[PDB]
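K.L.:
next input, structure requested:
(chains A and B)
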Amino acid sequence: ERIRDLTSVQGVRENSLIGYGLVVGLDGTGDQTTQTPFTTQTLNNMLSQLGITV
Amino acid sequence: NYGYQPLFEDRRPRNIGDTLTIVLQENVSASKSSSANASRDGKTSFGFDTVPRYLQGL
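P.N.:
Residues are numbered from 1 along each chain as shown, chains lettered A, B, ... in the order given. The relevant structure is shown in the block below.
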């Protein structure tokens, strides 16, 4: 059980994924949204997608 | 079904038939000008009002 600990197999590799999201349900410890316009912009985007146009 | 739609991404046109708003704001202004000049004035004179005798022949 040492070769598996010393080498890696060609083609058997890991990639990296990134994305943007919103986290809700905080107890008043979220963004101020006055210094972060993108939070409100993306919340409006989500609401518009769901059918609400602010 | 209209396919996958991102939730937080800004609404952009992605496929054929999608609409987009163009704000036409064009302001173009070009100009050019040039000139050239040249001048030349020349005056010359010589007169012998009173000629002494020894200079008369000349």
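K.L.:
contacts, neighbours, all on C-alpha from now
P.N.:
Will do.
K.L.:
now do the contacts for residue A:20.
P.N.:
Not one residue lies near residue A:20 by C-alpha atoms under 8 Å, 6 or more residues apart in numbering or on different chains.
K.L.:
can you list the neighbours in contact with the helix ranked longest in chain A?
P.N.:
Among the segments of chain A that qualify as a helix by DSSP state H, the longest is helix A:37-50. Helix A:37-50 is contacted by residues A:22, A:31, A:33, A:53-54, B:7-11 when judged by C-alpha under 8 Å, 6+ apart.
K.L.:
what's the answer for stretch B:3-10, then?
P.N.:
Contacts of stretch B:3-10 with the rest of the structure, by C-alpha under 8 Å, 6+ apart, involve A:21, A:42-43, A:45-46, A:49.
K.L.:
can you classify the residue nearest to the spatial centre of chain B by secondary structure?
P.N.:
Central residue of chain B (C-alpha atoms, centre = their mean): residue B:32, 1.9 Å from the mean position. When classified by DSSP: H, G, I helix; E, B strand; the rest coil, residue B:32 comes out as coil.
K.L.:
now it: how far from chain A?
P.N.:
Computed as C-alpha to the nearest C-alpha, to the nearest Å, the residue B:32 to chain A distance reads 45 Å.
K.L.:
quick check: residues of chain B near chain A?
P.N.:
Residues of chain B lying close to chain A (C-alpha under 8 Å from any C-alpha of the partner chain) are B:7-11.
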